[PDB]
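The block underneath contains the structure these notes are about, expressed in structure tokens.
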Amino acid sequence: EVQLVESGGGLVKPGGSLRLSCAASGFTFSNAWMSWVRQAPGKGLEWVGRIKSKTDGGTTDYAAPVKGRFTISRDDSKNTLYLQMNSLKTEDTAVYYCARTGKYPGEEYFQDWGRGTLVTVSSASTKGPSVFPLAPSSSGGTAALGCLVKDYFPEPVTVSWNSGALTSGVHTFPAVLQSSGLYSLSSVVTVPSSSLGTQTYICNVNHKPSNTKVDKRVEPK
Amino acid sequence: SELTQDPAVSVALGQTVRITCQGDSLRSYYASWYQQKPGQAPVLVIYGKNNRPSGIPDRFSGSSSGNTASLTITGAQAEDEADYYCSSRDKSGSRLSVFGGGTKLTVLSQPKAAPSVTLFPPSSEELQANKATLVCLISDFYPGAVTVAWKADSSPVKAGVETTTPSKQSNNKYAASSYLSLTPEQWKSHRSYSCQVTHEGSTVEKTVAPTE
């Protein structure tokens, strides 16, 4: 019955600003301490900051990496918590969670969490991928080959092999957002070593945002 | 990271498992514990000491000793597979909060499987674009937890490293990727480069050289 719903996440450039909102119900909002917590894709939770209730002074505390750049505030008349994000950095890319915070010196704990809203920080605009082969050469009866898809924006890239005819042993990895604000990923397939002289292996890389399709035939060194 | 946790533990169905958090602030404060399943937000499991919120079953329990705090799950169930995080203050008297690095708890549902590792040197084509990426691809392992370490000339290197968190393959095992970005000059100046993958306490190494 406690409900917390974050909104406002989007793509923003370094140095820019973005305002997140957390709308709440099912608890007495005016008496709750409220925190923000963030999570970079595939990584751990990181506390951002917390605002106390009006009765307890309404004061804020912040984690070192965001102190002086983000502002937490609340509007009890709207049951809403805010995160004003200024002077954004690429390292701020993350899902941002709102959390009702219990207390009892004494530590704080995060009683209820919202769904989260995603903030992506990059200076990039649409950029097509560069595709490079990951060639096999001298694992027993099998060999791994693949394609490296470098420095594209925005997500997503999709990859198939032999126009979809090859699926067994294929894995396309999640993308990595680099400090440059561009994405890269790889796709690999494991095949019998004896097929490398019988079968052709082509990775088909699609980047719809840039209207690009790249076919790369991968051959042994 | 004032609070430290082991990256991964596994447990068989019905058995007991303990996840431990360590840090100086735990000498003063209890740790709270959070469960997070893939694609979901966290949920509070333990707060104070051994207070379980409504909806959290009794088989989750908290304890503490010295500068450590522990979450114990007795009679593990499949629904307990998740990442678990501890939280407390960063130090005594602080007004700030911090999280441990998280522990991936696997509830064993398939055989333990050692990773296959392939290390690709930079392609000649990428070097022509004035870039050099070593690509360490890791596949077919379970549980889905690994640590990746890079070496240059048999010594550690961890600048220019990016590693993806393991995710599921079509055959339901796990795969991960790790990249070491170099300049062409860095690549051709060293004798060897190695990708070391540790899984279930065992380590495998693959090595490449800018020659041959």
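List of remarks:
- Filter result for residue A:179 (of a type in the set (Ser, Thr, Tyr), over 30 Å from residue A:52 (Cβ atoms), part of a helix (DSSP H, G or I) and not assigned by CATH to the domain that holds residue A:8): no
- Flag if residue A:114 is assigned by CATH to the domain that holds residue A:7, under 30 Å from residue A:31 (Cα atoms), crowded, with 16+ Cβ neighbours inside 10 Å and not hydrophobic (A, V, I, L, M, F, W, C): yes
- Qualifying residue in the range B:185-198 (condition: within 30 Å of residue B:74 (Cα to Cα) and either touching a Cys at 6+ places or on another chain (Cβ under 8 Å) or away from chain A (no Cβ under 14 Å) (or both)): yes
- Qualifying residues in the range B:94-116 (those that are more than 9 Å from chain A (Cβ to nearest Cβ) and of a type in the set (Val, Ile, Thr)) - the one nearest to the chain's Cα centre (by Cα): B:103
- Restricting the range B:78-93 to residues that are outside any strand (DSSP E or B) and more than 16 Å from residue A:65 (Cα to Cα) leaves a set whose member that is farthest from the other protein chains (Cβ to nearest Cβ) is B:78.
- In the range B:121-130, the count of residues that are surrounded by fewer than 20 Cβ atoms within 10 Å (Cβ to Cβ), within 30 Å of residue A:48 (Cα to Cα) and more than 10 Å from chain A (Cβ to nearest Cβ) is zero.
- Count of the range B:46-60 residues which are closer than 13 Å to residue B:32 by Cβ and touching a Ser or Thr at 6+ places or on another chain (Cβ under 7 Å): 4
- Conditions (1) closer than 30 Å to residue A:103 by Cα; (2) in a loop (DSSP other than H, G, I, E, B); (3) of a type in the set (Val, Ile, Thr): number failed by residue B:165: (1)
- Matching residues, the range A:18-39, being touching a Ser or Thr at 6+ places or on another chain (Cβ under 8 Å) and within 10 Å of another protein chain (Cβ to nearest Cβ): A:35
- Of all residues in the range A:136-145 being within 15 Å of residue B:206 (Cβ to Cβ) and among the small types (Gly, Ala, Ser), the one that is nearest to the chain's Cα centre (by Cα): A:144
- If you filter the range B:13-60 down to residues that are part of a loop (DSSP other than H, G, I, E, B) and among the aliphatic types (A, V, I, L, M), you find that the one that is surrounded by the most Cβ atoms within 10 Å (Cβ to Cβ) is B:31.
- Residue check for residue B:63: in contact with a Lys or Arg (Cβ under 9 Å, 6 or more places away or on another chain), surrounded by 14 or more Cβ atoms within 10 Å (Cβ to Cβ) and not in a loop (DSSP other than H, G, I, E, B): yes
- Those residues of the range B:22-71 which are farther than 18 Å from residue A:112 by Cα and either under 18 Å from the mean Cα position of the chain (by Cα) or of a type in the set (S, T, N, Q) (or both), in sequence order: B:22, B:25, B:28, B:61, B:63, B:64, B:65, B:67, B:68, B:70, B:71
- Restricted to the range B:155-173, and to residues there that are more than 10 Å from every other protein chain (Cβ to nearest Cβ), closer than 17 Å to residue B:198 by Cβ and of a type outside the set (D, E, K, R), the residue that is surrounded by the fewest Cβ atoms within 10 Å (Cβ to Cβ) is B:156.
Basis: the model, the stated rules and, where named, an outside source; none is laboratory data. Don't worry about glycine lacking a Cβ; one is built from the backbone with ideal geometry, like all the others, and counts go over all protein chains shown.
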